Asks: 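This is the structure I have questions about; it appears just below.
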Amino acid sequence: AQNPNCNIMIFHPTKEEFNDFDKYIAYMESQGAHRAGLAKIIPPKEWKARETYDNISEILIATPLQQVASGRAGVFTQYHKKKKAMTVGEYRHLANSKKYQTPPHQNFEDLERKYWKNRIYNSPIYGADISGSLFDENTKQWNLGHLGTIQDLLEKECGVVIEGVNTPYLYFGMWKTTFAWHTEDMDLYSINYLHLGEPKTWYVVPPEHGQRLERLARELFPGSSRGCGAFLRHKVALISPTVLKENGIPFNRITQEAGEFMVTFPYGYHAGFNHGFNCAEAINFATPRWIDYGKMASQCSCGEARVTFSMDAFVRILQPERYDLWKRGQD
Ligand SMILES: O=C(O)CNC(=O)C(=O)O
Ligand SMILES: [Mg+2]
Ligand code: NI
Ligand SMILES: [Zn+2]
């Protein structure tokens with residue numbers, strides 16, 4: 001078996017290998033990359049996402065989110081308080097202000113220590129889930145707005161045509177902005193490109209050990225667990241690497257820098273934080289290997305999760321027994 005320790009693998013495709021997206025994902029899996037839950041892909045030196053990022057300041061962040069924490073330094077939840085709209089130029093200025101800027105630090109490890117020590121005492125503002133793309137339309141390789149759709153994948157594999165669309169989302173981050181422990185909707189893959197700015201640190205649990213993380217989360221967030229059998233779908237819970245280690249949860253960590261792709265694999269729980277002002281683009285995707293994960297994916301039906309239009313068809317076709325209950329949660 002390839003990659004039996006479930007390490008995060010890093011790939012350096014050639015420009016020739018970068019032509020066929022599906023083929024390269026399959027190649028990574030042939031080397032055991034999926035066992036980690038997360039892989040890094042460094043594009044060939046000849047590739048670029050777009051010419052320059054000099055003209056992005058007029059993008060609107062319609063609903064910036066202030067991420068307010070509750071709990072203890074290593075075990076906390078966050079809720080999202082809506083703020084007034086601001087442009088990316090305004091957001092960048094805010095990120096760099098004394099109140100929100102990255103503190104002096106020695107290296108990534110020092111900054112990581114500061115993050116887990118101090119995160120809960122601040123409330124950074126995130127521009128998340130903004131529909132759009134920063135890939136040049138002429139970028140032919142690994143253009144996250146030109147991927148084969150999940151709906152077409154499901155049709156190719158299972159023969160059923162379904163409604164729905166999926167398009168990329170932009171994320172504008174600042175120091176301490178946080179993504180909570182989660183797997184993707186329907187345990188899909190995701191791919192994330194860091195366009196510009198400061199790094200993003202990721203934590204990930206191997207898919208084969210995801211239920212260990214779930215069990216710990218139930219113990220650490222007991223009220224939330226009683227409220228919903230899939231409350232990590234709410235994407236609000238954080239658990240530090242120290243607490244994971246104390247509880248014997250297998251995980252890995254890696255820092256993504258500007259110009260690098262990360263792929264998360266089906267049922268790979270992940271969480272992380274931004275180092276400073278940055279912009280990432282991400283989208284969900286599927287492969288034939290995803291279908292069995294989609295069939296088995298947990299669902300939130302308590303009403304909190306509330307997801308995209310396109311998830312309806314996924315649940316309807318892959319999980320018909322769960323569909324009625326899930327849809328009640330939607331409404
Ligand atoms: O970048 C973020 O804030 C969150 N991204 C993801 O969870 C992802 O790409 O799957
Ligand atoms: Mg602009
Ligand atoms: Ni994700
Ligand atoms: Zn729920």
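FYI, side chains are in, hydrogens and waters are out, and symmetry mates aren't considered; it's all heavy atoms of this structure. Residues: numbered from 1 along the sequence shown.
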Asks: Decide side-chain contact (heavy atoms from CB on, under 4.5 Å) for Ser240 and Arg119; before the verdict, give the C-alpha distance in whole Å, the side-chain angles of both, and the deciding distance to 0.1 Å.
Replies: CA-CA 11 Å; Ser240 73; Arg119 159 69 182 92; over 6 Å; no
Asks: Stepwise, does the side-chain contact (heavy atoms from CB on, under 4.5 Å) test hold for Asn118 with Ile120?
Replies: CA-CA 6 Å; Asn118 299 314; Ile120 60 167; over 6 Å; no
Asks: Charged N to carboxylate O below 4.0 Å: is that the case for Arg316 and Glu163?
Replies: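 Yes.
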Asks: Please confirm whether the ring centroid of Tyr193 lies under 6.0 Å from the ring centroid of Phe135.
Replies: yes
Asks: Does NE2 in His93 sit with more than 12 non-hydrogen atoms of other residues, nucleotides or ligands closer than 6.0 Å?
Replies: no
Asks: Hey, does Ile150 have a side-chain heavy atom less than 4.5 Å from the side chain of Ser310?
Replies: no
Asks: Has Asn247 got a side-chain atom pairing as donor or acceptor with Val243's backbone, closer than 3.5 angstrom?
Replies: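 The answer is yes, because a donor-acceptor pair under 3.5 Å joins these two groups.
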Asks: Does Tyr293 have any ring-ring contact (aromatic ring centres under 6.0 Å, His included) partners at least two apart in sequence or in another chain, and if so, which?
Replies: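 Counting only residues at least two positions away or on another chain, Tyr293 forms no ring-ring contact (aromatic ring centres under 6.0 Å, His included).
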Asks: Between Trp142 and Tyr24, is there a side-chain heavy-atom distance shorter than 4.5 Å?
Replies: yes
Asks: Would the number of heavy atoms belonging to other residues, nucleotides or ligands and lying under 6.0 Å from CG of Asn138 be above 12?
Replies: yes
Asks: Do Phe251 and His209 have ring centres separated by under 6.0 Å?
Replies: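 Not close enough - the centres of the two rings lie 6.0 Å or further apart.
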Asks: State, to 0.1 Å, how close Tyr100 and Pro124 come at their nearest heavy-atom pair, and which atoms those are.
Replies: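 Minimum heavy-atom contact is CE2-CA, 4.1 Å.
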Asks: Is the backbone of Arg113 close enough, under 3.5 Å, to the side chain of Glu109 for a donor and an acceptor to pair up by distance?
Replies: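 Pair absent, no side-chain N/O of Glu109 close to backbone of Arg113.
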Asks: Residues two or more places apart in sequence or in another chain: which of them pass salt bridge (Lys or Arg N to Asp or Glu O under 4.0 Å) with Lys295?
Replies: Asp292
Asks: With distance as the sole test, does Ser30 use its side chain to make a donor-acceptor pair with the main-chain N or O of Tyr27 at under 3.5 Å?
Replies: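 Yes, the answer is positive, given that a donor and an acceptor are paired below the 3.5 Å cut-off.
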Asks: Can you see which heavy atom on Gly145 is nearest to which on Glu281, and at what distance?
Replies: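 Closest pair (atom of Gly145, atom of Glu281, distance): N-OE2, 4.4 Å.
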Asks: Answer yes when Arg233 and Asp187 have at least one side-chain N-carboxylate O distance shorter than 4.0 Å, and no when they do not.
Replies: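 Answer for the salt bridge query: yes.
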Asks: Quick one: does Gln151's side chain have a donor or acceptor within less than 3.5 Å of a partner on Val161's backbone?
Replies: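 Judged by distance alone, no pair lies under 3.5 Å.
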Asks: Ignoring hydrogens and angles, tell me if any N or O in the side chain of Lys40 forms a donor-acceptor pair with the backbone of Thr255 under 3.5 Å.
Replies: yes
Asks: Is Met186 reachable from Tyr267 through a run of I, L, V, M, F, W or Y residues, each pair having side-chain heavy atoms under 4.5 Å apart?
Replies: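 Same hydrophobic cluster.
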Asks: Which pair of heavy atoms, one from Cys300 and one from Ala230, lies closest together, and at what distance?
Replies: N-CB, 3.9 Å
Asks: Are the aromatic rings of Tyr203 and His270 close, with centres under 6.0 Å apart?
Replies: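 Ring-ring flag for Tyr203/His270: false, centres at least 6.0 Å apart.
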Asks: Once rounded to the nearest 0.5 Å, what's the spacing between atom NZ of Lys176 and atom CZ of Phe273?
Replies: 10.5 Å
Asks: Donor-acceptor check, side chain of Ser123 to backbone of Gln66, threshold 3.5 angstrom: yes or no?
Replies: no
Asks: CG/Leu154 to OG1/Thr149 distance, rounded to the nearest 0.5 angstrom?
Replies: 9.5 Å
Asks: With the 4.5 Å side-chain cut-off for hydrophobic clustering, are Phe265 and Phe314 part of the same group?
Replies: yes
Asks: Side chains of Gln67 and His80 only: does a donor on one sit below 3.5 Å from an acceptor on the other?
Replies: yes
Asks: Just by distance, do the side chain of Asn3 and the backbone of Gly32 share a donor-acceptor pair under 3.5 Å?
Replies: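 Looks like yes, one N/O pair under 3.5 Å.
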Asks: Is the shortest heavy-atom distance from the side chain of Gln31 to the side chain of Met9 under 4.5 Å?
Replies: yes
Asks: I need the minimum non-hydrogen distance between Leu60 and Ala85, along with the two atoms involved.
Replies: CD1-CB, 4.3 Å
Asks: Could you check whether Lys327 makes a cation-pi contact with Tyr323, meaning its NZ or CZ is under 6.0 Å from the centre of the six-membered ring and within 45° of the ring axis?
Replies: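 Yes, a cation-pi geometry.
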Asks: Would you find a donor on one side and an acceptor on the other, under 3.5 Å apart, between the side chain of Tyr91 and the backbone of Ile125?
Replies: yes
Asks: How would you list, by chain and number, every residue that makes a side-chain contact (heavy atoms from CB on, under 4.5 Å) with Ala271, sequence neighbours excluded?
Replies: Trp181, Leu238
Asks: For the aromatic rings, using the six-membered ring if either is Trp, is the centroid distance between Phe261 and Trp47 under 6.0 Å?
Replies: yes
Asks: Which atom pair, heavy atoms only, marks the closest approach of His275 to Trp175?
Replies: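 Nearest heavy atoms, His275 then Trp175: O-CE3, 3.6 Å.
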Asks: Check the hydrophobic clustering (I, L, V, M, F, W, Y; side-chain heavy atoms under 4.5 Å; chains of links allowed) and say if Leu213 and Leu220 are grouped together.
Replies: yes
Asks: Output yes when a side-chain donor or acceptor of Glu198 lies under 3.5 Å from a complementary backbone atom of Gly276, and no otherwise.
Replies: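 Not confirmed, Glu198 side chain does not pair with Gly276 backbone.
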Asks: Hey, could you give me the CG/OH distance between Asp110 and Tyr115, rounded to the nearest 0.5 Å?
Replies: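 Answer for the CG-OH pair, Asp110 versus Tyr115, is 16.0 Å.
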Asks: Are the side chains of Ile254 and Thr201 in contact, using a 4.5 Å heavy-atom criterion?
Replies: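 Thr201 does not reach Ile254 side chain to side chain.
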Asks: Give the intermediate values and the outcome of side-chain contact (heavy atoms from CB on, under 4.5 Å) for residues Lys23 and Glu17.
Replies: CA-CA 8 Å; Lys23 180 176 179 179; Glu17 291 167 344; over 6 Å; no
Asks: Same hydrophobic cluster for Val263 and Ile10, using side-chain heavy-atom links shorter than 4.5 Å among ILVMFWY?
Replies: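 No, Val263 does not connect to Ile10 through the hydrophobic network.
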Asks: To check you understand the geometry: which heavy-atom pair defines the closest contact between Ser190 and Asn284, and what is its length?
Replies: CB-ND2, 3.7 Å
Asks: Let me see the working for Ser70 and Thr77 under side chain to side chain donor-acceptor pair (under 3.5 Å), right down to the final yes or no.
Replies: CA-CA 5 Å; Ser70 298; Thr77 57; 4.8 Å; no
Asks: Rounded at 0.5 Å granularity, tell me how far NZ in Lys200 sits from CG in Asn278.
Replies: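 It is 5.0 Å, given to the nearest 0.5 Å.
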Asks: Using a strict 4.0 Å threshold on nitrogen-to-oxygen distance, state whether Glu112 and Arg253 make a salt bridge.
Replies: yes
Asks: Pick from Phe277, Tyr53, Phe172: which one makes a ring-ring contact (aromatic ring centres under 6.0 Å, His included) with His195?
Replies: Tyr53
Asks: Indicate yes or no: at least one non-hydrogen side-chain atom of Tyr171 is less than 4.5 angstrom from one of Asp129.
Replies: yes
Asks: Determine, using ring centers only, whether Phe179 and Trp202 are less than 6.0 Å apart.
Replies: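 So the answer is yes for these two rings.
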Asks: Report yes if some heavy atom in the side chain of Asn274 is under 4.5 Å from a heavy atom in the side chain of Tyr126; otherwise report no.
Replies: yes
Asks: State, with a plain yes or no, whether a side-chain heavy atom of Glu257 is found less than 4.5 Å away from one of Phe108.
Replies: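 A side-chain contact exists here, since the closest heavy-atom pair is under 4.5 Å.
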Asks: Between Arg72 and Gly74, is there a donor-acceptor pair closer than 3.5 Å when you use the side chain of the first and the backbone of the second?
Replies: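 The answer is no, because no donor-acceptor pair under 3.5 Å joins these two groups.
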Asks: Roughly how far, to the nearest 0.5 Å, is CD of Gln330 from CG of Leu325?
Replies: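 Answer rounded to 0.5 Å: 11.0 Å.
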Asks: Are any of the side-chain heavy atoms of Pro241 and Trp116 separated by less than 4.5 Å?
Replies: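 Yes, close enough: below the 4.5 Å cut-off.
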Asks: Measuring from atom CZ of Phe21 to atom CD of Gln141, what distance do you get when rounded to the nearest 0.5 angstrom?
Replies: 12.0 Å
Asks: Is the closest side-chain donor-acceptor distance between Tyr269 and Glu214 under 3.5 Å?
Replies: yes
Asks: Would a hydrophobic clustering, with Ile, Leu, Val, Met, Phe, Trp and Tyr connected at side-chain separations under 4.5 Å, put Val204 with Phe285?
Replies: no
Asks: Please report the C-alpha distance between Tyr189 and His34 in whole Å, then the side-chain angles of each, then the deciding distance to 0.1 Å, and finally whether the ring-ring contact (aromatic ring centres under 6.0 Å, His included) criterion is met.
Replies: CA-CA 10 Å; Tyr189 298 70; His34 56 292; 9.0 Å; no
